[PDB]
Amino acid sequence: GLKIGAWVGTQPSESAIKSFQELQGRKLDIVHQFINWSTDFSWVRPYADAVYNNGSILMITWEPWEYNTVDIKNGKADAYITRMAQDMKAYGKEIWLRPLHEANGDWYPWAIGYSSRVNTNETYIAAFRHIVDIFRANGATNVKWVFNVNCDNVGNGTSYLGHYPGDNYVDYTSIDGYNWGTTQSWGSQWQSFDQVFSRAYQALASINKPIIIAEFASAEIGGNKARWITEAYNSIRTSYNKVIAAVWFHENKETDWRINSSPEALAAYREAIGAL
């Protein structure tokens, strides 16, 4: 059955996890957290403990603001990577790790579309493989590797699979995507779940790996968010059959992505996610 996850809008302390479970009226199967590449596992541990004590899987989006793909492929981050691998192995529990993500966008300093042009398919693949190699050399077989694409290719040189590091280095593929509604002054428009996700899914469906929707959410403005939610989960279950997990992005950020941005959105979300 479809696993239900969330980034709960703050680092997932015990109380933040429990509070979200009360909010959505259901167990979180996956708890999502973002960290950077100057964060030791000792900082992560208490969060990890809360997640596993709850009976959930921890997915960590591991964001190398501190190293780009050239730095990483050349081994400049290896001391930090090695420590993380050793500490995660020692921890021993199943952790889903999503390094270097949305690399077919242009907003991250490790992304192929990033305006400095420093990141290429080759440097990206070499970087990703290097990370995995180090984890494997340190026995961290408990760490599952999540490859990721943004729903849209944004920026020069971007593609869904040009930076794909190979089935030998990947446990899950994943897609991120947002219905921005009419909230953005550049000219965003309301998009249904299908309109957001269908292109990326077609590309990833050609890969023999299960798929996670690692980040998704909808604005309130420019359409009916409650109906969007109902239809999104229906779409996932009906036509996105390789998708095994749906992980909401619950934060009032660029717009109000929260499941409780309105009472009607919340009601729809509670019903949509199901018993399981």
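Throughout, we count residues from 1 along the sequence that is shown.
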Between 119-127 and 189-197, name whichever shows the higher mean Cα B factor according to the PDB entry.
-> 189-197
Averaging only over Cα atoms, indicate whether 67-75 or 180-188 has the higher B-factor in the PDB entry.
-> 180-188
Would you mind finding, among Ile30, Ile211, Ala217, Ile221, the residue with the largest C-alpha temperature factor in the entry?
-> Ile221
What's the residue among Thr39, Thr230, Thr61, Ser56 with the greatest CA temperature factor in the PDB record?
-> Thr39
Where the record places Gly139 (Cα B-factor, split into thirds across the chain) | highest
State the tercile, meaning the lowest, middle or highest third, of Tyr114 with respect to the CA B-factors recorded for its chain.
-> middle
Which third of the chain holds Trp145 when residues are ordered by C-alpha B factor: lowest, middle or highest?
-> lowest
Sorting the chain's modelled residues by C-alpha B-factor, tell me whether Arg83 ends up in the lowest, middle or highest third.
-> middle
If you rank every modelled residue in this chain by C-alpha B factor, which third holds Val132: lowest, middle or highest?
-> lowest
